[PDB]
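Next comes just one chain, in structure tokens: the form deposited in one PDB entry.
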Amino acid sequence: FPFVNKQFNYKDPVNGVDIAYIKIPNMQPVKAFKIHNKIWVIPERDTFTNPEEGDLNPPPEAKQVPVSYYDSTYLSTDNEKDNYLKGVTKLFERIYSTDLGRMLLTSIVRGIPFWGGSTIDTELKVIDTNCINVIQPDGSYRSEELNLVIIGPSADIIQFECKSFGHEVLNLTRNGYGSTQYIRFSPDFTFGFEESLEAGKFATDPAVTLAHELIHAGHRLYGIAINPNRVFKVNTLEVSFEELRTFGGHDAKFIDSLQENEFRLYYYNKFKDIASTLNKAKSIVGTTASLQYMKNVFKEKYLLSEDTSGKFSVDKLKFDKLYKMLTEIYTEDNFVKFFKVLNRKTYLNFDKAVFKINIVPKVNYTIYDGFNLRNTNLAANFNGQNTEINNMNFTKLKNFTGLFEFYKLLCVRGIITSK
């Protein structure tokens, strides 16, 4: 019955299938694990996606963001990597335990990046940035396409992100194509927030943060992520449209209804254009599979309607439902509702405290209850998330900054010239 079909240990021998050394489009291979189709986990500190961030030593204290935490020794031992892999897998299972998280994970699995990398109009070809090189026992390399990579954080440990390799001219995260998403995330740390009671000494369920990054990845796999240039400026530091949409709840209403309808119109037209490119496709390059096979795969991804002549079109109501699922249903607020946990009430609650956790032992954190274990002292009043009642599960590493205690007035920033 579980999401992950295998029980993985970091020291298990590689086989070139689901446990193997790999290489990213941009090093020497790193040991990674294929926990599910199209999803891989690299129990390593991310020094590969950005070589400019291949230094784990903390920058000068003036250059440090107020909400940051550094530890160059984290995720360096085989035991640390084993525990990281097990915790990431457990959080994936906890997300899968809910219907919302299962739906999101299904969307991610079937959200294969589009084969729009050919210079010929009628040819379907894969984009190499959406692949990884898997070492074979033979010793050769296999170019395998995928959807999601979960890698440990870089220098800043609590800097969780979802970023993708880009096309030189195309914006794959915004033209409906999609690209393989790499998520900097760690299950060994959690955040504490301060929400007024209607005394806020509660910690974040890391499943909620992983689901946040998974919603980012789901937006970006279907190529509907909001441009990171569309940003609110806060005054009394900025907040992107993407983050506010991703949190959902009341924060999503910072985006005007007219902008939401413009997004819907543009992505309806882009899905129509993708369906038409599938209709006009005649050749396919670089795969055992047939052209109709890739056609059907992307039909199942974008939920295109197929007439009795094989040609594709987008059912308007099915597009509306898919888009509303990806943007309004996949939200942090809905994940808080499903997990029945306590969490920040707005993405604008910038102040965080940094705590160390160990979610792998089932006496500490379970798939169905998180920290609020059944039939325990932790089951009531979210006591499992109380960093003082459940003190055996949280160890304070960084205190609250105290620098974000003011009303957040958001003002849209205008279009700016760029290079």
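Think of the rigid core as the biggest set of C-alphas that the two forms share within 1.5 Å after superposition. For every residue, the number given is its place in the sequence shown, counted from 1.
The form deposited with a partner chain bound is left out here; the points below concern that form.
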{"item": "4.5 Å heavy atom contact, residue 188 to its partner chain in the deposited bound form", "value": "no"}
{"item": "Touches its partner chain in the deposited bound form: residue 161 (any heavy atom, 4.5 Å)", "value": "yes"}
{"item": "4.5 Å heavy atom contact, residue 349 to its partner chain in the deposited bound form", "value": "yes"}
{"item": "Proximity of residue 120 to its partner chain in the deposited bound form, heavy atoms at 4.5 Å", "value": "no"}
{"item": "Conformational change between the shown form and the other one, one of 47, 64, 358, 383, C-alpha moving 2 Å or more after core fit", "value": "64"}
{"item": "Rigid core superposition, residue 139 Cα moves 2 angstroms or more between the shown form and the other one", "value": "no"}
{"item": "Rigid core superposition, residue 308 Cα moves 2 angstroms or more between the shown form and the other one", "value": "yes"}
